[PDB]
Amino acid sequence: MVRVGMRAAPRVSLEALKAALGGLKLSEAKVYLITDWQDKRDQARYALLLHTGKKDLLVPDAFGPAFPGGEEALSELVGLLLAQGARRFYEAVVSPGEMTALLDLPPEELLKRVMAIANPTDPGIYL
Amino acid sequence: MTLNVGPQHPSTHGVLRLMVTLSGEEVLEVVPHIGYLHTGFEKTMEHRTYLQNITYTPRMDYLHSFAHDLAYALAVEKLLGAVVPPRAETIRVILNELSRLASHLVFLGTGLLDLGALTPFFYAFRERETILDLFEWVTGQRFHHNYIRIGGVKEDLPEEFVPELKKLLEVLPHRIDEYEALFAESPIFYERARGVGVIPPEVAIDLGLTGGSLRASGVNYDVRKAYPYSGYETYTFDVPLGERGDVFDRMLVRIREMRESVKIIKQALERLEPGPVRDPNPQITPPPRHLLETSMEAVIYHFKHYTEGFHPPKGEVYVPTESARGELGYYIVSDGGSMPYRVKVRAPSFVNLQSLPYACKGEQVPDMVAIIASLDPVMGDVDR
Amino acid sequence: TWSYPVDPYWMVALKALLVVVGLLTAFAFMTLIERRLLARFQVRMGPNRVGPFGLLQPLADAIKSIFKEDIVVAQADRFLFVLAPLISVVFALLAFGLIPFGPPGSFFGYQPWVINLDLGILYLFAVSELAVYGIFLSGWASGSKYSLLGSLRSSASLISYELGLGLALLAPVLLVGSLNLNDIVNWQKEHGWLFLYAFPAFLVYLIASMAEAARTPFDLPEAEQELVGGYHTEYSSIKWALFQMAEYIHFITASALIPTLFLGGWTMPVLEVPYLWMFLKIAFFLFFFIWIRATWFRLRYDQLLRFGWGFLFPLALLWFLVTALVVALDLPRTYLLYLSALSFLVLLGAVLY
Amino acid sequence: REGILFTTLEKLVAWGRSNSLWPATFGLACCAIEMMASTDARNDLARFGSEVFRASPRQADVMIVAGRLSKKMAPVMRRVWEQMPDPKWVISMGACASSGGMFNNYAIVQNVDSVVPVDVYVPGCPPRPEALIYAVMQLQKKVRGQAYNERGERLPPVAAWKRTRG
Amino acid sequence: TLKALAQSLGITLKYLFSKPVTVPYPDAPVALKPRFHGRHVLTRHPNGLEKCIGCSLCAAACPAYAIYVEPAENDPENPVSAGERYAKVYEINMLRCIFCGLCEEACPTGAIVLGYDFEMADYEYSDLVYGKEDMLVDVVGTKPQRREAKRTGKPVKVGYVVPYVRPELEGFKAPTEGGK
Amino acid sequence: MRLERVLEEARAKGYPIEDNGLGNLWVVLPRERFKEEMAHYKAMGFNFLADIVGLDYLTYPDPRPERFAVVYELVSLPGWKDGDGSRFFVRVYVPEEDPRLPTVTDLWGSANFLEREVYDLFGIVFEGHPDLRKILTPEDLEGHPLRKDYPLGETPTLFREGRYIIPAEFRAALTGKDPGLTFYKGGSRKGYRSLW
Ligand code: SF4
Ligand code: SF4
Ligand code: SF4
């Protein structure tokens with residue numbers, strides 16, 4: 001599993017993911033948006049885990065309106081996922097204290113946890 | 001035509017997905033697809049106190065919920081050696097037969113509406129509303145009531161319950177006789193249901209169709225007689241039966257069951273004498289709430305019981321019961337902790353569904369809905 | 001139109017527009033009345049809300065119907081999807097003007113009816129075919145074979161019983177000798193209430209019109225609880241409302257035609273008031289039909305086809321042959337009164353076993 | 001045209017829609033049966049304008065999610081919602097629908113607002129039929145523009161008017 | 001069985017002429033039984049002191065984990081509860097709450113007791129997490145009801161009537177059977 | 001009467017017989033003898049096959065032979081042709097790295113959906129099954145939920161101002177392998193049983 005970007009750097013994370021994704025087809029990939037506080041999205045932060053099935057890609061909690069330009073970064077990100085043909089979007093709810101260590105767990109544990117906790121979501125709520 | 005009757009559409013009650021392989025107006029074979037209601041009780045319960053689980057038992061079969069409550073309570077009582085008071089036992093059988101009547105009402109209303117006419121749903125639901133008023137009177141809840149306890153029941157009955165129960169027991173015989181008068185002499189329902197629903201007892205046994213649609217095919221097996229648990233051994237009991245299992249015989253058997261249940265309720269109410277309501281063993285039952293201001297032992301036990309709970313012995317246990325949908329039971333593995341090691345539920349609505357492709361095999365397309373409604377499925381029980 | 005005058009064309013147009021908007025208000029408030037009558041049948045009560053009597057709730061419903069995002073489904077025929085509702089609605093609307101609501105001039109000077117064509121029942125038969133037309137056509141245009149199959153069930157059943165309608169309607173023509181509704185009505189004025197002579201034809205016409213979506217095939221089908229019906233399940237804002245509107249107008253047109261044709265179209269033996277008796281018979285048949293709607297089951301349309309095909313239509317042609325023998329030999333007209341009375345006694349005594 | 005751009009016309013059409021609210025039930029669990037009780041002959045949602053009940057999704061404005069929404073049912077309900085006419089509202093009935101409820105596990109969606117734009121929430125297990133009527137009057141007066149939150153804000157008539165569907 | 005069609009029609013006619021049965025909520029107040037599981041209330045002693053000693057037993061007994069109890073030390077000058085401990089923060093997520101009554105059942109001081117209000121439907125997830133000062137016996141109504149009565153100036157009318165309130169609800173004022 | 005002959009037949013061939021003083025009986029057959037033995041059981045007149053229940057003993061305080069254990073429930077209907085009423089369980093242990101077990105679908109058509117369920121929840125593969133398809137867990141779900149190595153997947157509960165609850169750290173109740181909040185658990189909280 002790869003980890004790109006850095007926390008609280010929305011545009012750096014967005015550009016790093018733009019470069020790293022390339023021409024990868026996301027028709028069978030699963031996009032996990034990791035966040036806290038289900039209800040309040042105005043101050044929410046977001047991390048991303050991209051489970052392609054053959055390899056996974058991690059981006060730390062650097063998206064969302066919680067950071068300057070992070071809202072537009074999340075919108076562009078989800079828009080690009082949809083453009084690349086991603087259909088399966090999920091929203092994972094972790095505790096604020098978890099969110100940091102969860103990206104420091106080993107890949108298999110982190111991915112099993114995310115797949116267990118993820119909720120099917122309308123990507124439109126991030127557009 | 002491999003037609004996809006989708007989940008919830010069109011008006012297939014108990015959300016289910018069907019791949020009806022079918023050419024014409026027959027039914028070649030229905031490929032069932034379930035799992036749309038899977039909540040994960042068998043896993044979630046491993047992380048709940050035994051007392052907490054009493055909130056989880058009604059919510060799977062939400063029509064006949066007190067059967068779940070009773071099966072689970074009895075299994076835990078066997079496992080940890082509890083003593084049930086006789087009045088608590090009588091109350092438990094009354095509530096179980098009452099929720100049975102409510103479930104039977106909802107089943108027959110849903111079937112008649114599913115194929116047939118809309119009108120007879122409302123009378124059954126009026127009697128169900130009287131039953132739900134009884135349930136509110138006693139437990140403060142319509143269903144999912146948290147009343148049963150491992151020792152017994154949560155608390156005693158108010159004064160007003162018995163008069164209203166007698167009122168309903170007096171009105172019900174005429175009501176059930178009215179439903180029978182409408183249905184049994186079926187004008188169109190006869191030519192709709194008599195033939196359909198092929199239920200050979202051998203195939204019912206091979207596929208394990210135990211759930212109350214088996215006796216409509218002429219098999220005399222009721223748990224309340226074969227393996228008496230809650231004192232039904234001490235009741236004058238008629239077990240209705242059917243000649244050849246069809247929708248007609250299924251429905252009429254269930255109506256006679258409702259009248260017999262009313263007679264059982266009358267009998268139990270007659271044999272009712274005051275007494276205590278739950279096993280006073282403090283390891284099992286929280287201390288009385290009045291002396292929580294006097295005894296250190298009371299306070300400690302209250303605190304410990306309501307936080308940690310209690311620890312049953314290491315062992316596996318199972319008890320069978322008869323609900324309005326057949327054989328029900330809990331296989332409980334306890335590891336000596338305050339939360340059960342594992343709880344598996346035998347789902348009668350789940351085992352009964354293996355006989356659906358066979359039952360509706362060769363039947364009509366409109367009748368594929370009636371034959372499903374007549375089998376009385378509950379997807380909260382099936383998917384679970 | 002042997003004895004009846006003709007209003008000017010502008011007056012005919014005015015009367016036509018009046019009958020159309022009256023059928024609008026009629027089906028809307030009859031939906032209210034059926035809701036509340038079903039509610040009375042099943043001990044609940046109806047909408048004492050947005051009314052008082054609920055009589056502003058159809059307004060709220062129409063206001064919802066418009067603005068409701070009339071959607072044109074992709075993969076459906078762009079033209080036919082839009083076109084089919086108009087057909088089903090127009091050919092249900094028309095063929096109500098023929099019904100005489102009074103003696104000539106009792107429309108405050110001019111004409112109780114709109115048109116009094118010399119050949120009436122043929123007009124009714126033709127326009128009855130066109131309802132099944134619209135049904136299965138919308139079933140196709142929906143571009144969903146699920147709906148198409150119901151449309152085909154519909155078409156099969158409705159076509160069967162629509163054929164039966166002709167052999168039902170044959171008998172009174174032999175007696176009256178005219179195909180004009182007013183002439184038939186006046187024949188019922190003189191000899192009296194043609195159903196007294198033709199009770200079997202009355203029954204088979206009733207049961208045939210029941211198949212025209214009235215109820216108890218009830219595998220018409222509606223999308224609910226079966227292999228879905230046709231002509232719906234793909235229309236959202238206005239076209240679905242139009243389909244239901246036409247089905248109800250056909251319902252009430254049949255409920256009006258039954259007394260108009262077989263019973264005493266208005267032309268009462270006593271008090272001879274133009275409109276009120278016709279409307280009262282309409283209401284009577286409507287209430288009986290709603291009783292049926294509530295009180296009787298489905299037929300699976302296989303039993304319905306079997307029943308209509310094997311029982312209703314042969315019975316209707318047998319009665320037509322008997323009446324044709326009687327009229328050709330002309331012996332009395334009393335023999336038909338006796339025969340219909342005895343047939344009713346027979347078809348009744350077989351029930352109470 | 002969405003019922004907008006005239007002071008009288010929009011209030012009139014909102015009146016009409018509010019009273020003509022057409023429920024489409026999406027029954028999942030026992031919340032569905034407690035909603036079926038909101039139609040019987042003791043307490044009927046058959047007065048305010050909800051008498052008729054068209055199983056088709058092309059024919060109703062109100063989508064009432066009644067029961068626990070399993071993750072396997074989420075895309076189905078998603079597409080049933082997307083296959084609705086556009087002036088459409090979403091009610092979330094019961095604890096399992098509103099939040100994860102007492103079933104906090106891999107199987108159940110922890111907020112139906114994840115998949116469908118929810119208009120009204122109604123707690124309870126099950127929520128009483130009269131609480132559901134309170135919710136529909138709540139939605140009624142919401143589409144009337146008579147609804148405010150605890151923060152003082154007026155709520156838009158239609159949620160799912162604010163989302164980039166795709 | 002041709003007779004059955006006629007008998008069915010007849011009984012449906014009888015029940016047609018049977019008019020009454022229904023209750024028109026909100027125009028008629030719903031009759032609730034005394035043990036009904038409604039809006040949580042925190043009860044006070046005759047002294048006016050709150051009963052809640054902030055013992056988190058209602059949260060520990062919670063199967064949905066919907067109760068958050070932050071405790072604090074009673075101030076002798078102006079006390080809140082009867083012991084040295086009271087409820088500084090008492091929140092219950094009604095959307096997580098499954099309405100057992102186990103919180104009351106674990107309540108040793110009888111502070112938390114289920115009420116009778118059911119008209120608690122609201123628009124926002126974050127508004128359905130009820131706080132202490134939304135549940136005290138002194139309050140009359142639910143959150144949307146009170147918000148409507150404030151943005152309306154029209155007092156709160158509850159849509160329920162009961163024969164009487166339970167003793168555990170001491171202080172809880174409700175319309176009782178016609179006593180008023 | 002048929003149960004007595006089952007006990008006599010199992011004891012003679014060295015099959016362990018587990019019994020609790022509550023009235024429940026098991027007959028544990030080895031993997032080899034499982035299929036043929038239960039075929040013989042059906043031949044003995046066991047009409048009805050009630051349940052197929054899979055068990056993951058990974059987190060059990062006492063060890064067991066293998067991680068997984070499958071338990072079948074066989075019955076003979078009392079009201080049928082010649083009904084004794086004898087019902088009993090057959091337990092069969094299954095290795096972690098060999099999740100194989102022959103089906104009895106050919107014997108009872110009841111085992112069909114039950115064995116599909118056991119395969120869904122545990123990685124237990126049933127040999128000879130007509131269709132082993134995932135029944136309950138979502139089509140795209142990865143793994144087998146009910147084996148203890150699979151997380152329950154809880155979501156935190158939410159309150160007003162940063163106040164949240166994590167159930168796995170909020171739970172006061174203890175499991176069998178949980179030591180407790182004191183230095184140890186003894187007595188009742190290491191297991192308790194009343195003497196009726
Ligand atoms: S909130 Fe309660 S009543 Fe509703 S679906 Fe969940 S368990 Fe059933
Ligand atoms: S009634 Fe609500 S707050 Fe109380 S224990 Fe149950 S879920 Fe928790
Ligand atoms: S159990 Fe009672 S006294 Fe204890 S914290 Fe809860 S409400 Fe307060």
# chains A, B, ... in the order shown; residues from 1 in each chain; ligands from 1
call {"tool": "residues_near_ligand", "arguments": {"ligand": "ligand 3", "cutoff": "8 Å", "atoms": "only C-alpha atoms and all ligand atoms", "output": "list in words"}}
result
residues 42, 51, 52, 53, 54, 55, 56, 57, 58, 59, 69, 86, 87, 103, 104, 105, 106, 107, 108, 109, 110, 111, 112 and 113 of chain E
call {"tool": "write_last_selection", "arguments": {"atoms": "C-alpha atoms", "output": "tab-separated table (two decimals), in the first residue's frame"}}
result
chain	number	residue	atom	x	y	z
E	42	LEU	CA	-34.88	14.28	34.92
E	51	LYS	CA	-32.39	13.49	41.84
E	52	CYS	CA	-29.64	12.80	39.41
E	53	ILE	CA	-26.34	12.14	41.17
E	54	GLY	CA	-24.51	11.65	37.86
E	55	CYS	CA	-23.69	7.99	38.32
E	56	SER	CA	-23.51	7.04	34.62
E	57	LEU	CA	-25.47	3.89	35.32
E	58	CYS	CA	-28.00	4.89	32.71
E	59	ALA	CA	-25.12	5.18	30.21
E	69	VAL	CA	-22.92	11.76	31.46
E	86	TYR	CA	-24.76	15.59	40.10
E	87	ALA	CA	-25.15	15.64	36.30
E	103	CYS	CA	-31.23	3.96	31.80
E	104	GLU	CA	-34.13	4.51	34.22
E	105	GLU	CA	-33.84	0.90	35.33
E	106	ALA	CA	-30.20	1.59	36.30
E	107	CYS	CA	-31.07	5.03	37.71
E	108	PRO	CA	-30.60	4.68	41.44
E	109	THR	CA	-31.93	8.12	42.24
E	110	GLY	CA	-34.91	8.08	39.90
E	111	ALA	CA	-33.62	11.05	37.98
E	112	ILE	CA	-33.93	9.62	34.48
E	113	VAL	CA	-37.49	8.42	33.77
call {"tool": "interface_residues", "arguments": {"of": "chain F", "to": "chain E", "cutoff": "8 Å", "atoms": "only C-alpha atoms", "output": "PyMOL selection string"}}
result
chain F and resi 157-160+163-165+167+170-172
call {"tool": "residues_around", "arguments": {"residues": "residue 52 (chain D)", "least_positions_apart": "4", "cutoff": "12 Å", "atoms": "only C-alpha atoms", "output": "list in words"}}
result
residues 31, 32, 34, 35, 36, 38, 39, 46, 47, 57, 58 and 61 of chain C; 20, 21, 22, 23, 24, 25, 39, 44, 45, 46, 47, 48, 56, 59 and 60 of chain D
call {"tool": "select_by_dssp", "arguments": {"residues": "region 52-88 of chain A", "states": "strand (DSSP E or B)", "output": "list in words"}}
result
residues 56, 57, 58, 59, 60, 61, 62, 63 and 88 of chain A
call {"tool": "write_last_selection", "arguments": {"atoms": "N, CA, C and O atoms", "output": "mmCIF file, in the first residue's frame"}}
result
data_model
loop_
_atom_site.group_PDB
_atom_site.id
_atom_site.type_symbol
_atom_site.label_atom_id
_atom_site.label_comp_id
_atom_site.auth_asym_id
_atom_site.auth_seq_id
_atom_site.Cartn_x
_atom_site.Cartn_y
_atom_site.Cartn_z
ATOM 1 N N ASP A 56 -3.422 -0.699 -2.953
ATOM 2 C CA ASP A 56 -4.186 0.341 -2.295
ATOM 3 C C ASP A 56 -3.366 1.617 -2.226
ATOM 4 O O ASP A 56 -2.134 1.587 -2.293
ATOM 5 N N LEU A 57 -4.063 2.747 -2.116
ATOM 6 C CA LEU A 57 -3.424 4.055 -2.104
ATOM 7 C C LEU A 57 -4.049 4.892 -1.001
ATOM 8 O O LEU A 57 -5.272 5.055 -0.954
ATOM 9 N N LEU A 58 -3.204 5.422 -0.122
ATOM 10 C CA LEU A 58 -3.633 6.176 1.044
ATOM 11 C C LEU A 58 -3.259 7.645 0.900
ATOM 12 O O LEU A 58 -2.153 7.979 0.459
ATOM 13 N N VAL A 59 -4.195 8.518 1.249
ATOM 14 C CA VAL A 59 -3.936 9.951 1.346
ATOM 15 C C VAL A 59 -4.395 10.384 2.732
ATOM 16 O O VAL A 59 -5.520 10.052 3.136
ATOM 17 N N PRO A 60 -3.580 11.108 3.495
ATOM 18 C CA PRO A 60 -3.978 11.435 4.869
ATOM 19 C C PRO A 60 -5.099 12.453 4.920
ATOM 20 O O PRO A 60 -5.558 12.938 3.879
ATOM 21 N N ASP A 61 -5.517 12.802 6.136
ATOM 22 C CA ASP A 61 -6.632 13.708 6.353
ATOM 23 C C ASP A 61 -6.201 15.119 6.005
ATOM 24 O O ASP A 61 -5.747 15.875 6.870
ATOM 25 N N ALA A 62 -6.331 15.474 4.732
ATOM 26 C CA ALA A 62 -5.913 16.780 4.253
ATOM 27 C C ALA A 62 -6.979 17.448 3.393
ATOM 28 O O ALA A 62 -6.703 18.494 2.796
ATOM 29 N N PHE A 63 -8.183 16.885 3.310
ATOM 30 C CA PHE A 63 -9.224 17.418 2.448
ATOM 31 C C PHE A 63 -10.391 17.920 3.281
ATOM 32 O O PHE A 63 -10.481 17.678 4.485
ATOM 33 N N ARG A 88 -18.165 3.104 -6.797
ATOM 34 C CA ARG A 88 -18.344 2.657 -5.423
ATOM 35 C C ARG A 88 -17.614 3.629 -4.499
ATOM 36 O O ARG A 88 -16.394 3.529 -4.296
#
call {"tool": "interface_residues", "arguments": {"of": "chain C", "to": "chain E", "cutoff": "12 Å", "atoms": "only C-alpha atoms", "output": "PDB file with N, CA and C atoms, in the first residue's frame"}}
result
ATOM      1  N   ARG C  36     -63.756   8.018   0.050  1.00  0.00           N
ATOM      2  CA  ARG C  36     -64.492   8.107   1.304  1.00  0.00           C
ATOM      3  C   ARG C  36     -65.479   6.952   1.477  1.00  0.00           C
ATOM      4  N   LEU C  37     -66.030   6.419   0.386  1.00  0.00           N
ATOM      5  CA  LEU C  37     -66.948   5.286   0.485  1.00  0.00           C
ATOM      6  C   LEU C  37     -66.205   4.001   0.832  1.00  0.00           C
ATOM      7  N   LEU C  38     -65.029   3.790   0.241  1.00  0.00           N
ATOM      8  CA  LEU C  38     -64.162   2.714   0.702  1.00  0.00           C
ATOM      9  C   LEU C  38     -63.830   2.900   2.180  1.00  0.00           C
ATOM     10  N   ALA C  39     -63.494   4.130   2.579  1.00  0.00           N
ATOM     11  CA  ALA C  39     -63.204   4.399   3.984  1.00  0.00           C
ATOM     12  C   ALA C  39     -64.387   4.050   4.881  1.00  0.00           C
ATOM     13  N   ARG C  40     -65.610   4.339   4.445  1.00  0.00           N
ATOM     14  CA  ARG C  40     -66.765   3.959   5.253  1.00  0.00           C
ATOM     15  C   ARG C  40     -66.936   2.444   5.282  1.00  0.00           C
ATOM     16  N   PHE C  41     -66.665   1.779   4.155  1.00  0.00           N
ATOM     17  CA  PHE C  41     -66.760   0.321   4.085  1.00  0.00           C
ATOM     18  C   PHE C  41     -65.834  -0.335   5.100  1.00  0.00           C
ATOM     19  N   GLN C  42     -64.599   0.141   5.190  1.00  0.00           N
ATOM     20  CA  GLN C  42     -63.637  -0.344   6.175  1.00  0.00           C
ATOM     21  C   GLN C  42     -63.521   0.716   7.274  1.00  0.00           C
ATOM     22  N   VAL C  43     -63.921   0.358   8.504  1.00  0.00           N
ATOM     23  CA  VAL C  43     -64.588   1.227   9.491  1.00  0.00           C
ATOM     24  C   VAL C  43     -63.916   2.583   9.711  1.00  0.00           C
ATOM     25  N   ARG C  44     -62.755   2.791   9.096  1.00  0.00           N
ATOM     26  CA  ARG C  44     -62.028   4.057   9.126  1.00  0.00           C
ATOM     27  C   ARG C  44     -62.889   5.173   8.535  1.00  0.00           C
ATOM     28  N   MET C  45     -62.421   6.417   8.571  1.00  0.00           N
ATOM     29  CA  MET C  45     -63.102   7.531   7.935  1.00  0.00           C
ATOM     30  C   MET C  45     -62.177   8.191   6.918  1.00  0.00           C
ATOM     31  N   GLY C  46     -62.775   8.954   6.000  1.00  0.00           N
ATOM     32  CA  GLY C  46     -62.042   9.571   4.914  1.00  0.00           C
ATOM     33  C   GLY C  46     -61.339  10.866   5.272  1.00  0.00           C
ATOM     34  N   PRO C  47     -60.940  11.639   4.247  1.00  0.00           N
ATOM     35  CA  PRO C  47     -60.192  12.884   4.490  1.00  0.00           C
ATOM     36  C   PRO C  47     -61.026  14.072   4.960  1.00  0.00           C
ATOM     37  N   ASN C  48     -61.271  14.167   6.271  1.00  0.00           N
ATOM     38  CA  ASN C  48     -61.913  15.343   6.864  1.00  0.00           C
ATOM     39  C   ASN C  48     -60.971  16.538   6.925  1.00  0.00           C
ATOM     40  N   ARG C  49     -59.745  16.353   6.442  1.00  0.00           N
ATOM     41  CA  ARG C  49     -58.658  17.319   6.317  1.00  0.00           C
ATOM     42  C   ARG C  49     -58.961  18.299   5.192  1.00  0.00           C
ATOM     43  N   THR C 216     -62.642  -6.785 -10.337  1.00  0.00           N
ATOM     44  CA  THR C 216     -62.729  -8.226 -10.198  1.00  0.00           C
ATOM     45  C   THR C 216     -62.553  -8.989 -11.507  1.00  0.00           C
ATOM     46  N   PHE C 287     -72.033   3.143  -6.791  1.00  0.00           N
ATOM     47  CA  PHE C 287     -71.926   2.660  -5.414  1.00  0.00           C
ATOM     48  C   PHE C 287     -71.865   1.145  -5.361  1.00  0.00           C
ATOM     49  N   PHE C 288     -72.682   0.484  -6.167  1.00  0.00           N
ATOM     50  CA  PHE C 288     -72.580  -0.962  -6.240  1.00  0.00           C
ATOM     51  C   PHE C 288     -71.202  -1.390  -6.737  1.00  0.00           C
ATOM     52  N   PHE C 289     -70.675  -0.697  -7.747  1.00  0.00           N
ATOM     53  CA  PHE C 289     -69.366  -1.054  -8.276  1.00  0.00           C
ATOM     54  C   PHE C 289     -68.271  -0.864  -7.240  1.00  0.00           C
ATOM     55  N   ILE C 290     -68.346   0.209  -6.450  1.00  0.00           N
ATOM     56  CA  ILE C 290     -67.370   0.453  -5.391  1.00  0.00           C
ATOM     57  C   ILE C 290     -67.467  -0.617  -4.318  1.00  0.00           C
ATOM     58  N   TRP C 291     -68.694  -1.028  -3.998  1.00  0.00           N
ATOM     59  CA  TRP C 291     -68.898  -2.189  -3.147  1.00  0.00           C
ATOM     60  C   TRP C 291     -68.133  -3.386  -3.682  1.00  0.00           C
ATOM     61  N   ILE C 292     -68.199  -3.603  -4.995  1.00  0.00           N
ATOM     62  CA  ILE C 292     -67.461  -4.703  -5.614  1.00  0.00           C
ATOM     63  C   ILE C 292     -65.961  -4.489  -5.482  1.00  0.00           C
ATOM     64  N   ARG C 293     -65.511  -3.272  -5.795  1.00  0.00           N
ATOM     65  CA  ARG C 293     -64.104  -2.920  -5.703  1.00  0.00           C
ATOM     66  C   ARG C 293     -63.565  -3.309  -4.350  1.00  0.00           C
ATOM     67  N   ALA C 294     -64.308  -2.957  -3.309  1.00  0.00           N
ATOM     68  CA  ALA C 294     -63.866  -3.265  -1.966  1.00  0.00           C
ATOM     69  C   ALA C 294     -63.971  -4.754  -1.693  1.00  0.00           C
ATOM     70  N   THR C 295     -65.059  -5.378  -2.119  1.00  0.00           N
ATOM     71  CA  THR C 295     -65.511  -6.599  -1.494  1.00  0.00           C
ATOM     72  C   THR C 295     -65.155  -7.866  -2.264  1.00  0.00           C
ATOM     73  N   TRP C 296     -64.486  -7.784  -3.426  1.00  0.00           N
ATOM     74  CA  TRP C 296     -64.229  -9.017  -4.166  1.00  0.00           C
ATOM     75  C   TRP C 296     -62.785  -9.104  -4.639  1.00  0.00           C
ATOM     76  N   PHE C 297     -62.328 -10.347  -4.814  1.00  0.00           N
ATOM     77  CA  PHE C 297     -60.927 -10.674  -5.028  1.00  0.00           C
ATOM     78  C   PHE C 297     -60.542 -10.564  -6.502  1.00  0.00           C
ATOM     79  N   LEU C 347     -81.100 -18.648 -12.183  1.00  0.00           N
ATOM     80  CA  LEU C 347     -79.759 -18.196 -11.817  1.00  0.00           C
ATOM     81  C   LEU C 347     -79.681 -17.668 -10.392  1.00  0.00           C
ATOM     82  N   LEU C 348     -80.821 -17.510  -9.725  1.00  0.00           N
ATOM     83  CA  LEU C 348     -80.832 -17.129  -8.322  1.00  0.00           C
ATOM     84  C   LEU C 348     -80.911 -18.342  -7.397  1.00  0.00           C
ATOM     85  N   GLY C 349     -81.873 -19.244  -7.631  1.00  0.00           N
ATOM     86  CA  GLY C 349     -82.035 -20.430  -6.794  1.00  0.00           C
ATOM     87  C   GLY C 349     -80.808 -21.318  -6.661  1.00  0.00           C
ATOM     88  N   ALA C 350     -79.893 -21.270  -7.628  1.00  0.00           N
ATOM     89  CA  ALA C 350     -78.669 -22.059  -7.566  1.00  0.00           C
ATOM     90  C   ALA C 350     -77.659 -21.530  -6.554  1.00  0.00           C
ATOM     91  N   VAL C 351     -77.911 -20.368  -5.952  1.00  0.00           N
ATOM     92  CA  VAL C 351     -76.961 -19.765  -5.017  1.00  0.00           C
ATOM     93  C   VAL C 351     -77.145 -20.289  -3.594  1.00  0.00           C
ATOM     94  N   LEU C 352     -78.388 -20.418  -3.122  1.00  0.00           N
ATOM     95  CA  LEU C 352     -78.680 -20.589  -1.701  1.00  0.00           C
ATOM     96  C   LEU C 352     -78.514 -22.020  -1.199  1.00  0.00           C
ATOM     97  N   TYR C 353     -77.988 -22.936  -2.003  1.00  0.00           N
ATOM     98  CA  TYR C 353     -77.720 -24.305  -1.547  1.00  0.00           C
ATOM     99  C   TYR C 353     -77.027 -24.369  -0.178  1.00  0.00           C
TER     100      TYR C 353
END
call {"tool": "closest_residue", "arguments": {"among": "C:14, C:55, C:20, C:84", "to": "chain D", "atoms": "only C-alpha atoms"}}
result
C:55
call {"tool": "residues_near_ligand", "arguments": {"ligand": "ligand 1", "cutoff": "7 Å", "atoms": "only C-alpha atoms and all ligand atoms", "output": "list in words"}}
result
residues 59 of chain B; 28, 29, 30, 31, 66, 67, 68, 94, 95, 96, 97, 101, 124, 125 and 126 of chain D; 98 of chain E
call {"tool": "closest_atom_pairs", "arguments": {"of": "chain F", "to": "chain A", "cutoff": "8 Å", "atoms": "only C-alpha atoms", "output": "Markdown table"}}
result
| residue | atom | partner | partner_atom | distance |
| --- | --- | --- | --- | --- |
| F:151 | CA | A:116 | CA | 6.9 |
| F:152 | CA | A:116 | CA | 7.4 |
| F:153 | CA | A:117 | CA | 5.0 |
| F:154 | CA | A:117 | CA | 6.7 |
| F:155 | CA | A:93 | CA | 6.2 |
| F:156 | CA | A:95 | CA | 6.6 |
| F:158 | CA | A:37 | CA | 7.1 |
| F:166 | CA | A:95 | CA | 7.9 |
call {"tool": "residues_around", "arguments": {"residues": "residue 54 (chain A)", "least_positions_apart": "6", "cutoff": "12 Å", "atoms": "only C-alpha atoms", "output": "PyMOL selection string"}}
result
chain A and resi 1-2+24-26+28-30
call {"tool": "interface_residues", "arguments": {"of": "chain B", "to": "chain F", "cutoff": "6 Å", "atoms": "only C-alpha atoms", "output": "PyMOL selection string"}}
result
chain B and resi 35+80-81+205-208+220-221+307-308+311-313+335-339
call {"tool": "atom_distance", "arguments": {"atom1": "CA of residue 73 (chain E)", "atom2": "CA of residue 88 (chain E)"}}
result
8.6 Å
call {"tool": "residues_around", "arguments": {"residues": "region 181-193 of chain C", "least_positions_apart": "4", "cutoff": "7 Å", "atoms": "only C-alpha atoms", "output": "list in words"}}
result
residues 98, 99, 100, 116, 120, 176, 262, 263, 264, 265 and 267 of chain C
